[PDB]
Every structure is written in C-alpha cells, then in structure tokens.
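**Q** Structure incoming, see below.
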Amino acid sequence: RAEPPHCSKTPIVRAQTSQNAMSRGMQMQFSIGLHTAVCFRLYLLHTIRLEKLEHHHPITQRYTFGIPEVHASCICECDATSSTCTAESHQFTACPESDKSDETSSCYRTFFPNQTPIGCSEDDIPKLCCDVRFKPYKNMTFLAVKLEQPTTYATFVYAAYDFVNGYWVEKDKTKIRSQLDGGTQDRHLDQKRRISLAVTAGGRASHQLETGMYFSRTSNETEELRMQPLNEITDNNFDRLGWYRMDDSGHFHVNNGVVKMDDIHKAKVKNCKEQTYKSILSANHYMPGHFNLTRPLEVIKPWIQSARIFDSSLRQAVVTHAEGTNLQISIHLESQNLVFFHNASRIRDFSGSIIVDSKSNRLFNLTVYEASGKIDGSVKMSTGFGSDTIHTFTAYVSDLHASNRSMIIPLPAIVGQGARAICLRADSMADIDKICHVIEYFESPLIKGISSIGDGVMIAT
Amino acid sequence: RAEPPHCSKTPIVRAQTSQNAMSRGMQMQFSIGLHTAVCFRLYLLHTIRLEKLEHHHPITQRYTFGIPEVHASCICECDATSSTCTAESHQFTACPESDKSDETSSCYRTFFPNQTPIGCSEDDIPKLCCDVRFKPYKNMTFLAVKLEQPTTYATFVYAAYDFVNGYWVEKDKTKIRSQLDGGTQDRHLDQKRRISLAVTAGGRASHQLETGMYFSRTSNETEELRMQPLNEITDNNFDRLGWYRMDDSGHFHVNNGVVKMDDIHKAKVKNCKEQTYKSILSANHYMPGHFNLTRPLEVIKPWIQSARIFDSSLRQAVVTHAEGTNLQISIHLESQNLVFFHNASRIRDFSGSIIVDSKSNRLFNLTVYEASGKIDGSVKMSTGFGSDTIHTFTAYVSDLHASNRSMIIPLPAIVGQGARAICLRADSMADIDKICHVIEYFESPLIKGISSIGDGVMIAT
Amino acid sequence: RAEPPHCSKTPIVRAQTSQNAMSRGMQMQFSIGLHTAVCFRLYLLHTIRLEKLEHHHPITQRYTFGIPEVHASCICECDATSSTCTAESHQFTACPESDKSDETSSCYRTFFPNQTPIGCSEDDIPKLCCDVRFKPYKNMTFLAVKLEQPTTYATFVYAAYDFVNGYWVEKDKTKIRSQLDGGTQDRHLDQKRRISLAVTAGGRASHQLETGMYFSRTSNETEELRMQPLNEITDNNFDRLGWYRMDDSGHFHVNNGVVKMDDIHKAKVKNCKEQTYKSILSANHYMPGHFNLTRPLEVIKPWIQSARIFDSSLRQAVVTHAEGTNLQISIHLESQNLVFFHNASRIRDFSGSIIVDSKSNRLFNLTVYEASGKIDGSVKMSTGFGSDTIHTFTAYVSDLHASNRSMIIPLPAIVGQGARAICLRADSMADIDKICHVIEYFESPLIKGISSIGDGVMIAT
Ligand SMILES: *[C@@H]1O[C@H](CO)[C@@H](O[C@@H]2O[C@H](CO)[C@@H](O)[C@H](O)[C@H]2NC(C)=O)[C@H](O)[C@H]1NC(C)=O
Ligand SMILES: *[C@@H]1O[C@H](CO)[C@@H](O[C@@H]2O[C@H](CO)[C@@H](O)[C@H](O)[C@H]2NC(C)=O)[C@H](O)[C@H]1NC(C)=O
Ligand SMILES: *[C@@H]1O[C@H](CO)[C@@H](O[C@@H]2O[C@H](CO)[C@@H](O)[C@H](O)[C@H]2NC(C)=O)[C@H](O)[C@H]1NC(C)=O
Ligand SMILES: *[C@@H]1O[C@H](CO)[C@@H](O)[C@H](O)[C@H]1NC(C)=O
Ligand SMILES: *[C@@H]1O[C@H](CO)[C@@H](O)[C@H](O)[C@H]1NC(C)=O
Ligand SMILES: *[C@@H]1O[C@H](CO)[C@@H](O)[C@H](O)[C@H]1NC(C)=O
Ligand SMILES: *[C@@H]1O[C@H](CO)[C@@H](O)[C@H](O)[C@H]1NC(C)=O
Ligand SMILES: *[C@@H]1O[C@H](CO)[C@@H](O)[C@H](O)[C@H]1NC(C)=O
Ligand SMILES: *[C@@H]1O[C@H](CO)[C@@H](O)[C@H](O)[C@H]1NC(C)=O
Ligand SMILES: *[C@@H]1O[C@H](CO)[C@@H](O)[C@H](O)[C@H]1NC(C)=O
Ligand SMILES: *[C@@H]1O[C@H](CO)[C@@H](O)[C@H](O)[C@H]1NC(C)=O
Ligand SMILES: *[C@@H]1O[C@H](CO)[C@@H](O)[C@H](O)[C@H]1NC(C)=O
C-alpha cells in the first residue's frame, strides 16, 4: 500500500560550498514547513516530511496531590473557665486516634473563644471548638509538575519510493531527529550515505508553553497535562491547588495543617444552648461546591497537539506543536545532480464557521472537501463576494490524493462580528475555480454553611 | 499628493521553483525589515512596506476593579461581659443598613477583645469594635485582563505608482495581512493577479509581552494597558491590585470582605476612657497614602508602540511592536522579469544624548536632520573622534524626501558612564561626509494612623 | 604566537544588490553559528568568529536582604487580669531598647491569651508573651534584582592574518558588536573600509532567562546570579526570600515585622508553673534548620555560560549564552572577488556518559580527543554498533589545531534508560574512520521547637 506524500512546491536556492587547499561542491537550500513534504530525484524518488515538532521540558518539581472533602463538627462551652473546649485540646492539634474511623481521613482542631452569650448568661463569655475533617474525593489523584525552559527537537520522515509496474514502493524509511536550539545539525539520510540533510532554526519556536506549574490526573499513571492555579512545592496558598498532598504511604494531608488551620477555618456561635454555629473554609479547590476541573491544554490550546509527561521516570514532559514556523534545510552530496518535484494543489469545495471560543480564540473552523496541497484563502469585508479582502491565508493539506480534512485558521481581530464571505482557491488555479461562501460568525463567552452540631452536647450546665 | 516610500537597498536571492510532470519558473527572495520599503519594476513601479507588526493576545480573564478610600471608626467597652461590642455584632459581618448613608460605601466589622485596662479598672479586660468603610476614590474604574500566548500578524502596504508628467500617481493601494506563527502564507498583490507575495517568519518575534495580568482605565470604555502587581480573578492578595471589585450594578466591594477583614485590619486600644486607638490596614493600593498609578507600557517600554484592548467585545488585546526582526519575502509570478530599485541614503546633521532611564533602559535618544534611508552609527570609546568603536548601529528613515526624525537606539552595557563621541554616516557615503559629535551621558535612578473615636462613647460605665 | 581559528565549511549564497538610477554589485550570504568561524580572501586572509551572544536585562527592582537567625523567649501569666504580659506591652510592638544588647539584632513582640490552666487554678485562664529575635546569619548579604525583557547583542571577532615566512601574523583585530532585536545592522570591518558585515537575526534567541526575581551574594559587591522563590519589592510572602531586608545603615529588619509577627509566630503554653511552651515560625528561609542556598544558574543551566549583574551601577544584568541559534550574515563591498575557505575536520577518539541530572537535564557528557571542526554523532538503539539510529547530532570544535575538548550534548527523551552505542565521525570522513563506543547511562534524582523559658518567672503568684 506504499505511497509518497504530497510533494510541495518549494523555491530552491543553489549555494556553493566554501573550499580548502585541495579538490568544488554545491548545496541545495529550501525552507521546509511543519506538516509538509519535499520531493527530489538524484541524477528512486527521495522524500522528506517534517512530521513532528516537540519541546522537551525538564521536570524540576514533583508532588502528588488530591481534592479534599471537608466536614466540620463543633461544640460550644458557655463558661469560659470550663475544662472541656480548651486551647490545649483544640488550638494547633490533630484530633487524636479514633481506632475504628477511616485511615484516609485527616482531621485538624481549631479554638474559637471570646464568644457572645446567646442562649446563656449575660456575664459568662463562651468558647467554640471544632474538628475540621478531610478525606479524598472520588479517590482523585494528580501529579503536580514544574516545567522549565525546554530543548526543541524536529522529527523528520525520510522515505525513498520506486515506481515498479503500475505502483509505488517504499524502499527505505527512516526517522530523522534534529535539535533546533543550537547551530546547524547534519547527518546522512539514505542507506548509500550519498546525501546529507542539514537542519537550522531561525530562532525560538513561534510557540512555547510558559515555565510554570502544571499537573495531570493519575490512574493508580500519567495523563494529558492541564493548567490551573497550582502551588509550587515550597508554597502553600489556599486559593490555589495542591494544599491537600499525598505522602509515600498514600495518605493525604493538609500541607502544614496543624499550624495553618486557624487562619483558614472561621466559625462563630449562633446559639450556645441549641449548639448552633456559622462555619467556612477560606480556601478553594475543596468539596463540596468549591471545585471544577480545567480541560487538558490540547483541548483549549489550538497550537498544542499534545502535552503529556513523557514516561514513568517522570523526568520530562513532551509538548507536540500543532502550529510552528518553517525550518531551514540544505541538501548536499562528491558532485552530481538534484531536481525537485511537486504535485498539484486541488479543491472541490469547503465549509466552516468563524468562531471566538470561551478561551478567547478567534479562528475559522475550516473543512476542505476533495483537497490536496497548498490552498489559499481570502477573508472578505462584507457578505458580498468581491468585497475588500481583510485577511489572506494559505493552508497545506498533506494527502497526496485529494481527501476531506478539517482545520483551524487563526484570524486577526479585524475579522470582527457579523457574517462575511471567504474565498478559497488552490495553488495556480484560475479565478474561475475560486469557491466562495458566506460564513457564519459565532461567539462563546467566558458561601457560609451554617449547621446545628448534631452530635449533641455532653456538657450542658 | 501621491508619493512612494524610500526604496531600500536590499540584496535579492534568485531561487528556482521545483517542477512537476508538466510545463520552469523562478522566485525573487529578500529579507524585508519592519518600518522599511521594497521597490521593483516588472519587465508602473511596485512598492511593499512592512507597516505594522502585531501580537493578538486572547483575553482569558476579566473583572472591573477600583481604588478604595478607607475610613475606620471604633468604640471601646471596658467590661469584657458587656452587651455592646460583641463577637455576634462585630466578628465577620457588614455594618447593617443606615438607610440614608451612601450606596457607593461598603463597610465591614472587626472584633478586638483581650485589651489592656488603660483608663479603666486593673481587673476588667477591655474589648474594641470597628467599622471599616470603603468607597471608590475619584470614581476610578479599571478593567483587569489576563493576556495569554498570542498570534502574530504582519501588515504590509502594497502601492503601485506611475510617473505621469512630472509627478507620481498612486494607482493601486492595498493592505496585506499575513499570519507569522505557521508556515509560509501566500497571496496575489496586484489587481492583475500577476504577482504573489510569500511571507515567512524565522521563529518568534524578538519581543512579546509576558503572559500575565494587565489592566487599563475605564471612562464609563478601554484605554492604554498598564502593568502593576494585580490579582488573577481567583486570587486575593491584599498587597496586589483588584481586591476592591465592581459587580454588575456598579457597586464596589472588598473581595470576600466579611471573612478576610480580621486578617487585614489591625487595631489596639490607646485609652478606653478617652476612647483612643491605633489603627491600620495590612494591604496596598488604597487611599489615603497607599496608591500611585504606573504609566502605560507604551511610555515605559521602548519596544512597544501601543498595547490596548482591541474593542468593546473585550476578547483580544493588540500589542503593536515598535522594534522587530526582519521577515522573509519571496516574490513569484508565468515567466517574465523583475528588477529591484533603491533610493540613496542622506544626512545633514544629528543630535542626541545617552540615557539610562528610571526603568533601567540604556538608549541613545537620537535626532537626525535632513535625513533619509539607511544611516550607520559608530559609538566611540572616548570623547575623541577616531577613538576605538565600542558599538556599531544602523537606523532606517522611511521618508523618501530628507526629513527630521527622532529615534531610540538600544545600547549595550559597554556604553557605560561618561561622555563620548558618536559618528553617523549614511549608506555608501565617503568618510569625509561622516558627522561626529561628543554626546552627553545622563542617568535616572529608580504607617499607623492613630485617631480618637470622635463619635463619643454611648456606653461610659 | 598569532593563529587563525578553524575556518568552518559553510555554503555561500550569491545575492545581487538592487539598483538606482545610477552606476551592479553583489552580496555574499551565509549563516554563521555561535562559537564558530568563517574565513575568506579578497581577489591577507579575513576571519570572523561569532564569539559571544548576550542578553542585557534591565534591572527594574533592587533591594538588599539577608537570612535571619531566629530566637524566641516567652513568659506565662496565670491570672488573665495581671499587669505583666498585656496587649499594650506585647501585641504589635518591638521590645524597647536594652542599651547594651546588639545593634544587629531586631526583635518583635506577640500576645498569646486565652490559655489553658496547666500548673494553675481551674477557673483562671492564662496568657503567654514572647520576644521574637532576629539577627543576620554569618553576615550573609544578597541583592535582589528584577530582570525584565532584554535586548540581545552579538559580539564578533574580526581578525586579518598573513603568512610571512613559515608563520601566521594577526595584522588587524577588532570586536564587532551588533544588536539582534531589530532589522539588519551594518558596519565596515577592515581598516581599509572596503568590506561590510551585515547581521540579521531570524527571531528571538532559542533561549532567554524568564522575566522574574533573581539575586546573588554581596561581599561588602555582585556575584553569579541565582534563582530561588524571592519576593518582589512590594510583596511579603513568608515562604519566599527577602522578608529580612537591609536598610541604608546596614540594619536588617523583618519587612512590616510589627504588624505581621502575630500571623507568622505561633505559641501555646505547655505548663504555666514550670513556664513551658511550644513555639514555631510560619515562614521559610530562616536559621536554624530552614535554609539551603540554590547553586548559580551557570551551574544548573547548561544553556547559560554566565548570568551576572554587569557592574557597580546595578542597572543591567548580562546573560551570556552557551547555546544559541545561527545568525544570518551578508558580506558586501565597489566590484571585486570573494572566495571562502575551510579547514578539515578531524577526531582521534572520544569518551562520555549519558546523564539525567538532579535538575532533570538529559545530556551526553561528551569528551573529544585530538579533534577539530565539525564532528557528527549518531546515538544508537541498543549496545550493538550498527543498531538503529535514535538521534543524530553535530558538534563544532573551534580549535584550528586538533585538541581535547569537553562538551554537553542535549538529548531527546527517546534516549531513555540503559546503556547504548554512540558513533562519532568528523566531516567528510569515510565510515571506516567512524569511532563507536558503548556509553553508560547514569541518573540523579531530585517542626515545633519546644523550650522551657530559661530566664525564669519574675511573676510567680
Ligand atoms: C506526484 O508527483 C510525482 C513526482 O513528480 C509523480 O511521480 C511519477 O510517477 C509516474 C507514474 O505516475 C512515473 O512514470 C514517474 O517517473 C514519476 N516521477 C519521478 C520523478 O520519480 C506522481 O505521479 C504525482 N502524483 C499525483 C497523484 O498527482
Ligand atoms: C527614487 O527611486 C525611484 C526608483 O528607482 C526613482 O523613480 C524614477 O522617477 C523618474 C523621475 O524622477 C522617472 O523618469 C523614472 O522612470 C523612475 N523609475 C522607475 C523604475 O519607475 C526616483 O526619482 C527616486 N527619488 C528620490 C527622491 O531620490
Ligand atoms: C587552514 O586553512 C587555511 C585557509 O584555507 C590554510 O592557509 C594557507 O596557509 C599556507 C601555509 O600552510 C599558505 O601558503 C596559503 O596561501 C594559505 N591560504 C590562504 C587562503 O591565505 C591553512 O594552512 C590550514 N591549516 C590547518 C592547520 O589545517
Ligand atoms: C479508592 O477508593 C475506592 C472507592 O472510591 C476503593 O475501591 C480503593 O481501595 C481506593 N484506592 C486507591 C489506591 O486510590
Ligand atoms: C468544527 O469543525 C468540525 C469539522 O467540520 C466539526 O466537527 C464541528 O462542528 C465544528 N465546530 C464548530 C463550532 O464549528
Ligand atoms: C468527502 O465528503 C463529501 C460529502 O460531504 C464527498 O464528496 C466524499 O465522498 C468524501 N470523502 C473523500 C475521501 O473524498
Ligand atoms: C461618579 O462620581 C461622580 C463624582 O466623582 C458623580 O458625578 C457620578 O454620578 C459617578 N458615576 C459613575 C458611573 O462612576
Ligand atoms: C529625546 O529626543 C527628543 C527629540 O530630540 C526630545 O523631545 C527630548 O528632549 C529628548 N529627551 C532626552 C532626555 O534626551
Ligand atoms: C529640520 O530642523 C532644522 C533646524 O534644526 C532645519 O534644517 C529644517 O528646516 C527642519 N525640517 C525639515 C523638514 O527639514
Ligand atoms: C560581619 O560580622 C562579622 C562576623 O561574622 C564582623 O567581623 C563584621 O564587623 C560585620 N560587618 C559587615 C559589614 O557585614
Ligand atoms: C563530564 O565530563 C568531564 C570531561 O570528561 C568530566 O570532568 C566529568 O567526569 C564528567 N561528569 C560526568 C558525571 O560524566
Ligand atoms: C589528549 O588526551 C590524550 C590522553 O587521554 C592524549 O592523546 C593527548 O596528549 C591530549 N592533549 C592534546 C592537546 O592532544
């Protein structure tokens, strides 16, 4: 079933190699695009496809965390002198071992004195004492990772085809890997070692995930990286993720719970007689009602194809680019001849909608029909075909044979509200063949839990 | 009044287009600079000017905020048992409705017990009770915006001029827009559709505003974006902007005021008899005496021409680059001929000063007189002309006709303290024409409010 | 002892300069790599070496800070009414002047009432009073600096050599400086002013230190910049560096100590009779046992050669790149001839190990023996020579004469655990000369202080 990719139309620059005090070469220069192919014959058709663009972020920090289910049970003591409900019993301490109660649960005590005598005597100033309880919700487990400045790699696919009696035959097929952060990188591509591929980047990739805190879910086991305010290992913000952390054993606890609990737990007596109180947690990312989970970066970020922790060693994360800038190629050899070939660009029809998504992304959700090669778009002013061009684009369909593909076209802010015409034309197609349609514009836009003790009072009068 | 821009001197690379199993083209390649023009004739003079470079950041978060005017009124109760000044009346509660008092005001209550008996009896431990009041200052309103990784666009200006009887005539004039983050983008430029402009970026722009929190003022209505420590929607740091937020109705409130007020308001009794107390707010960005407003990015950042929220929909912000890297151009056609033209570079005189600004920017505040084209500078070691060159620069004046322009020249750290010579020479000018001057070096460098209640005590003994 | 650098093998593109209504030039185009040289003769051998790549970050914020040695002495008062240990004496106040005690010490008082009567009477509720003391540890002093978006400069070395009777003679030798963030920069290189060097960057450097907070040690005096969670001037997080700040005089104090001390100091009575208590600081970066110092960026970050505050004025920091992308060069002249030369690439042997360091860096710690020029590596699948290639690299040794050098080779994540073969071959060397070795894989991975007062109680009953 062996078949070459669509050979793109690329201008070629003939450069001449410098010389030493010896025996007069030449280099063939061109700019290859990501997710496109280049074809040539040596005077067996040679093809190179810039398949993948990846960033390899080192993982500097790591820590497992979860989402806690919080429950607070209190008790009031009317007499400020009483032995029950005290600083030594409640202030900065975990409620001692119940022996039967769950191993997964994690509790912390807080001391609330200087109360108002409601359902009490006018002179005696009450005191409140609470057990803040935390257990994992739905057994949700995530790894938190600190991704720092990456190394960039390009992945090329070298294939050599032959036309033997009516059909194509993939003779040789390799994967070429080249580091893009330094100078030129050079290697032979064919088995015959006659030809050399030289890859050079202009500067940094058009895109790169920002150095920061990331995470993904764990299935008792890595998954698609997400981004939501998360705490660096050394930080403990209660409004950001990771204050409920998993230790070695698999036991979850509130990071410096003992000490911090009194700054994040706030309770006031409603009536000491009925044993009623107002309670809250001055935090986020807890259950109930304080936790929603952000979708993977892949989903929300069009430039991202995938963003995942590479393996079980948890040392690097790989960001696979969906959109990237071209790379500079030079093909060199002794002294022979090189000719570059290119298939034609075609298009039957297209469909799509202009959308501003919930994450503020302005794109044209384009779908091409029976298409191949380089396809040129022109976004128009009004609904009228022939109105003024406001943006001009070029999409590249990688299929040798005309097929139906779906793609995302980033648009400038000039492509504002209201429906408008868009005109697609393949490469070197007469303006009679140019398909036009009126495209639609869509746009997506962007506490106290009062309880009566329940457990009853053991110390009434 | 139709006139072409200064046609820059640019080397042109002749590349040959690849071929298919059909009918032997050619492509003209060159690197266009931002704020410069390129001229050519087809064998009507064709001109292309790289006019604008813009980043289009999606706005992920949004919230209106203000600056609060804070006022705290207190009262002391000598007897720790008293019904006046209590946890239920003061701890975690907004002072109930006054019915006459301002709608714009926002108040919060705090409870300060366990006091020292100053102007009281040696055994009874006092208690203090305060109403922290907040109202907008000068009706100042700002939108807070979260700018994330942008899409880059180039804006070109295509104009075709003709010389009809002594004067130039702008025949055709278009605006070309090309996305710079992906592969090559291609479109026709002339009405005749004979010529095609192909734009390719090397990698990311030399500059890009960092993903973070930004804001600008609102005039009851967007303005020039500023940068000052500001809170992300989900965060509530009191030392950073946006803790005083505007809801739907236009009412400003302290974000989670009720709960947090006791962590940020700190008061101690001075004398319970005279009703004197020491008061403070453990926050920033409040009035009086705790608020200065950072100038727009445009002002402080030389690389920024403008940074503004694009429109009323508040979905994207546009950063217009003042300084940027060159773009790769290729002009292609059937088979005809292309010749590139360039006007000469001139300079009468210059003036300027070497400055290190308050924001640590080392630049040469250059002013050119009766100048056009490419102008070459050479910064010298000492005040002596002919001393060793320490930096070499090239500025490009876009005016066809010699005019007076002012510009910013970024300098390395080697261009240290003390006055020195700088020598300017236009392109291809003999070293006799080279203007020299000794340039001057300038350098810019980088709580408790105690009150006696006033309202008097209603509860004396 | 004058000697040229290894002249690299570089393809040269012949471009033709545009023309005006006057007298037909030409430009020689090539991509120079960082830490490599280019050689040519004009028809005295001319050499240009891209020596240095630097980022010049402006320093927007500055503040000296230290590391504090913390000591807390307390005292308990059993009777809640007592004149000793009070809100006025302890809450939000510095312990008044001792007159003899150290000038370097900085103390703060905290008030802990509503205690439990341990070693006391069942009805009287105690109170605790502490003096938190802070002094510099080991007289450690550091400057905190805010580095913002930099300006990029390239530093070239132009040298012209002559071969006079058996040996080379360095005739002319200059340092060329070119700004990389804008358009093309142009200057003459030779004393004869015949030749012009034109430098153009594709986009941003492959690497750039992130805008943020940095610091380095001071020797009573700048040093190698480090990175560790540090507070921006306006922020006061106790879990991050710089809360212990040095004022003008050289006196260190806790940033807003008075006010914050009660939020970060937490103490509970153990027994009021014996005068025993549990004490802690809810902070980081303090002594004892809460401070380790991060190594310089140079050490941890392979892409960084050096990162240092430039000088005594403390206005800019210079980041010297160890790894960077190529720059675009064009050499132009009247009308004459240019020929480019290149020495050969050689290699005797090599040694090294594949390492994943503590900071998650995957690299090949390569050491070359009797080597010069362009050296090509091929990382193999298994230990077997001849197994499948998984990565391909190219290193450039700058020595004209074959010497022994050590280098860092960034590797993709595909180069996983276990030993494997790596094959090095110089440029244009037959596959017989290719040295192979099996290389080893190494991998580095990533509270309450209870005291009895000691000072004794002055107020027993
Ligand atoms: C795509 O382009 C290639 C390369 O130009 C074409 O390949 C030729 O295939 C035929 C049979 O169709 C042979 O007889 C030729 O010798 C091939 N050329 C070379 C240079 O090896 C190809 O057919 C085109 N395909 C489509 C689907 O448009
Ligand atoms: C700038 O350069 C242009 C293009 O080389 C010059 O344009 C010519 O204008 C004259 C009249 O002055 C005509 O007779 C020519 O045919 C034009 N050339 C082309 C190629 O169309 C121009 O005059 C120069 N201007 C300045 C102010 O220096
Ligand atoms: C490196 O390359 C240079 C340049 O090609 C060689 O330089 C020549 O030196 C010899 C003496 O050895 C002279 O007679 C030539 O005229 C030089 N050439 C030029 C163009 O000026 C050089 O010897 C080579 N060196 C090594 C160590 O390999
Ligand atoms: C998860 O809790 C579940 C129920 O939600 C239980 O089946 C299981 O033993 C727990 N284990 C882990 C490893 O999360
Ligand atoms: C986007 O494009 C694909 C392909 O046509 C389709 O599944 C989907 O409906 C589109 N979504 C929107 C919102 O246009
Ligand atoms: C493309 O979709 C259309 C129907 O909308 C049809 O012309 C065609 O069969 C589809 N698939 C391919 C591979 O051409
Ligand atoms: C602003 O307060 C002013 C006085 O500063 C008053 O004229 C006005 O009604 C207020 N309105 C808004 C919308 O800010
Ligand atoms: C900078 O340049 C302009 C133009 O000459 C002028 O308005 C201004 O005085 C200059 N400022 C300084 C500080 O040199
Ligand atoms: C430039 O300024 C000078 C005076 O400093 C003068 O030569 C000239 O008239 C000015 N303007 C133009 C457009 O040349
Ligand atoms: C540093 O403390 C030392 C001992 O560690 C003492 O010799 C000296 O006077 C102090 N001075 C400064 C400037 O740090
Ligand atoms: C890295 O390379 C150098 C040079 O051979 C050597 O000093 C050192 O042992 C190496 N370290 C490791 C861990 O391989
Ligand atoms: C390189 O090291 C080896 C020994 O490991 C030896 O061949 C040689 O003398 C050394 N130095 C140079 C400059 O060649």
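Reconstructed Cβ throughout: ideal geometry from the backbone, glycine too, with neighbour counts over all protein chains shown. What is reported rests on the model, the rules as stated and the sources as named; no laboratory read-out is quoted.
**Q** Can you tell me which residues in region C:114-165 are over 30 Å from B:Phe393 (Cα atoms), aromatic (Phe, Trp, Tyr) and not assigned by CATH to the domain that holds C:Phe252?
**A** First, pick out the residues of region C:114-165 that are over 30 Å from B:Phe393 (Cα atoms): C:114-144, C:163-165.
Filter again for aromatic (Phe, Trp, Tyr), leaving C:134, C:137, C:142, C:163.
Correct list: C:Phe163 only.
**Q** Going through region A:356-375 one residue at a time, which ones are within 15 Å of ligand 5 (Cβ to nearest atom), surrounded by 22 or more Cβ atoms within 10 Å (Cβ to Cβ) and aliphatic (A, V, I, L, M)?
**A** Within region A:356-375, A:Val356, A:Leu366, A:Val368, A:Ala371 qualify.
**Q** Could you say which residue among A:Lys100, A:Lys171 is in the same structural domain as A:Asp455 (by CATH) and of a type in the set (D, E, K, R)? Reasoning before the result, please.
**A** On the way: A:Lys171 fails: in the same structural domain as A:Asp455 (by CATH).
Of A:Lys100, A:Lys171, the one residue that is in the same structural domain as A:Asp455 (by CATH) and of a type in the set (D, E, K, R) is A:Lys100.
**Q** While we're here: Give the residue that is farthest from the chain's Cα centre (by Cα), with candidates limited to residues of region B:46-105 that are among the charged types (D, E, K, R) and within 14 Å of chain A (Cβ to nearest Cβ). Show your work before the answer.
**A** Of region B:46-105, the ones among the charged types (D, E, K, R) are B:49, B:51-52, B:54, B:62, B:69, B:77, B:79, B:88, B:97, B:99-100, B:102-103.
Now restrict to residues that are within 14 Å of chain A (Cβ to nearest Cβ): B:51-52, B:54, B:62, B:77, B:79, B:88.
On the way: B:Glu51: 20, B:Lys52: 17, B:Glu54: 13, B:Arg62: 17, B:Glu77: 52, B:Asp79: 56, B:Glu88: 47 Å.
Residue satisfying both the conditions and the ranking: B:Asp79.
**Q** Scan region B:338-355 for residues that are crowded, with 18+ Cβ neighbours inside 10 Å, away from ligand 8 (no atom under 11 Å from the Cβ) and closer than 30 Å to B:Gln417 by Cα and jot them down.
**A** B:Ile347
**Q** Read through the list (1) more than 16 Å from ligand 2 (Cβ to nearest atom); (2) aliphatic (A, V, I, L, M); (3) within 12 Å of chain C (Cβ to nearest Cβ); (4) touching a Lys or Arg at 6+ places or on another chain (Cβ under 9 Å), then give the number of the only condition that B:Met429 fails.
**A** Among (1) more than 16 Å from ligand 2 (Cβ to nearest atom); (2) aliphatic (A, V, I, L, M); (3) within 12 Å of chain C (Cβ to nearest Cβ); (4) touching a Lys or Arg at 6+ places or on another chain (Cβ under 9 Å), the lone unmet condition for B:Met429 is (1).
**Q** Only one of these is more than 30 Å from C:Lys270 (Cβ to Cβ) and within 12 Å of another protein chain (Cβ to nearest Cβ): C:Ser196, C:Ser121. Name it.
**A** C:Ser196
**Q** Can we say B:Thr184 is facing another protein chain (nearest Cβ under 10 Å) and within 23 Å of the chain's Cα centre (by Cα)? First the steps, then the outcome.
**A** Numbers: facing another protein chain (nearest Cβ under 10 Å): yes; within 23 Å of the chain's Cα centre (by Cα): no.
So B:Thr184 fails the test.
Table: residues versus (1) of a type outside the set (S, T, N, Q); (2) surrounded by fewer than 17 Cβ atoms within 10 Å (Cβ to Cβ); (3) on the phi > 0 side of the Ramachandran plot.
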residue	(1), (2), (3)
C:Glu97	yes, yes, no
C:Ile118	yes, no, no
C:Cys130	yes, no, no
C:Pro136	yes, no, no
C:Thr141	no, no, no
C:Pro150	yes, no, no
C:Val164	yes, yes, no
C:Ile176	yes, no, no
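**Q** Within 14 Å of chain B (Cβ to nearest Cβ) and over 30 Å from C:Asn292 (Cα atoms) - does that describe any residue in region C:137-145?
**A** Step one: of region C:137-145, the residues within 14 Å of chain B (Cβ to nearest Cβ) are C:143-145.
Of the ones still in play, those that are also over 30 Å from C:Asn292 (Cα atoms) are none.
There is no residue in region C:137-145 that is within 14 Å of chain B (Cβ to nearest Cβ) and over 30 Å from C:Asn292 (Cα atoms).
Here's the yes/no breakdown for (1) in contact with a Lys or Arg (Cβ under 6 Å, 6 or more places away or on another chain); (2) of a type in the set (A, V, I, L, M); (3) under 30 Å from C:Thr276 (Cβ atoms):
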site	(1), (2), (3)
C:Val38	no, yes, no
C:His46	no, no, no
C:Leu50	no, yes, no
C:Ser73	no, no, yes
C:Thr84	no, no, yes
C:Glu97	no, no, yes
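**Q** Can I ask one more? When the residues of region B:316-362 are narrowed to those that are in contact with a strand residue (DSSP E or B) (Cβ under 9 Å, 6 or more places away or on another chain) and of a type in the set (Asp, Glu), which ends up farthest from B:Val145 (Cα to Cα)?
**A** B:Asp349
**Q** Here is a follow-up. Could you say whether any residue in region C:247-262 is in a loop (DSSP other than H, G, I, E, B), over 30 Å from C:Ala94 (Cβ atoms) and away from ligand 6 (no atom under 16 Å from the Cβ)? Full working, then the answer.
**A** Of the residues in region C:247-262, the ones in a loop (DSSP other than H, G, I, E, B) are C:247-251, C:255-256.
Right, trim to over 30 Å from C:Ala94 (Cβ atoms) and you get none.
No, there is no match, as no residue in region C:247-262 is in a loop (DSSP other than H, G, I, E, B), over 30 Å from C:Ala94 (Cβ atoms) and away from ligand 6 (no atom under 16 Å from the Cβ).
**Q** Also: Of all residues in region A:19-35, which are in contact with a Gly (Cβ under 9 Å, 6 or more places away or on another chain) and either away from chain B (no Cβ under 13 Å) or not in a strand (DSSP E or B) (or both)?
**A** A:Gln19, A:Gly33, A:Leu34, A:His35
**Q** Starting from region C:63-91, take each residue that is at positive phi and list its partners that are surrounded by fewer than 17 Cβ atoms within 10 Å (Cβ to Cβ) and in a strand (DSSP E or B), counting only C-beta distances under 8 angstrom and pairs at least six apart or across chains.
**A** Within 8 Å, no pair qualifies.
**Q** Which residues, counting only those in region B:199-244, are more than 9 Å from chain A (Cβ to nearest Cβ), buried (at least 17 other Cβ atoms within 10 Å of the Cβ) and in a strand (DSSP E or B)?
**A** Scanning region B:199-244 gives B:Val199, B:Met213, B:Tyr214, B:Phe215, B:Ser216, B:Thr218, B:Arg226, B:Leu230, B:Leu241, B:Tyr244.
**Q** I'd like to check which strands (runs of 3 or more DSSP E) are fully inside region A:267-327 and have at least 1 residues that are within 24 Å of the chain's Cα centre (by Cα), away from chain C (no Cβ under 14 Å) and among the polar types (S, T, N, Q). Show your work before the answer.
**A** On the way: elements: A:276-281, A:304-309, A:316-321.
The strands (runs of 3 or more DSSP E) meeting that bar are A:304-309.
**Q** Could I ask something else about it? For the subset of region A:350-392 comprising residues that are outside any loop (DSSP other than H, G, I, E, B) and at positive phi, which member is nearest to the other protein chains (Cβ to nearest Cβ)? Please lay out each step first, then the result.
**A** From region A:350-392, those outside any loop (DSSP other than H, G, I, E, B) are A:350-351, A:353-356, A:362-380, A:389-392; that's our starting set.
Those left that are additionally at positive phi: A:370, A:373.
Working: A:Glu370: 19, A:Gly373: 11 Å.
Within region A:350-392, the match that is nearest to the other protein chains (Cβ to nearest Cβ) is A:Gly373.
**Q** Go through region B:432-446 and give me each residue that's in contact with a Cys (Cβ under 9 Å, 6 or more places away or on another chain) and either outside any strand (DSSP E or B) or more than 15 Å from B:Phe350 (Cβ to Cβ) (or both). Working first, answer last.
**A** Of all residues in region B:432-446, those in contact with a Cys (Cβ under 9 Å, 6 or more places away or on another chain) come to B:434-437.
Hit for region B:432-446 is B:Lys434, nothing else.
**Q** When the residues of region A:386-416 are filtered to those that are of a type in the set (D, E, K, R) and under 22 Å from A:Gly324 (Cα atoms), which remaining residue is farthest from ligand 8 (Cβ to nearest atom)?
**A** Step one: list which residues in region A:386-416 are of a type in the set (D, E, K, R), which gives A:388, A:399, A:405.
Remaining after also requiring under 22 Å from A:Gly324 (Cα atoms): A:399, A:405.
Values: A:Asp399: 57, A:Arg405: 53 Å.
So the residue we want is A:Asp399.
**Q** Kindly check whether there is at least one residue in region B:406-424 that is more than 11 Å from chain C (Cβ to nearest Cβ), outside any strand (DSSP E or B) and more than 16 Å from ligand 12 (Cβ to nearest atom).
**A** yes
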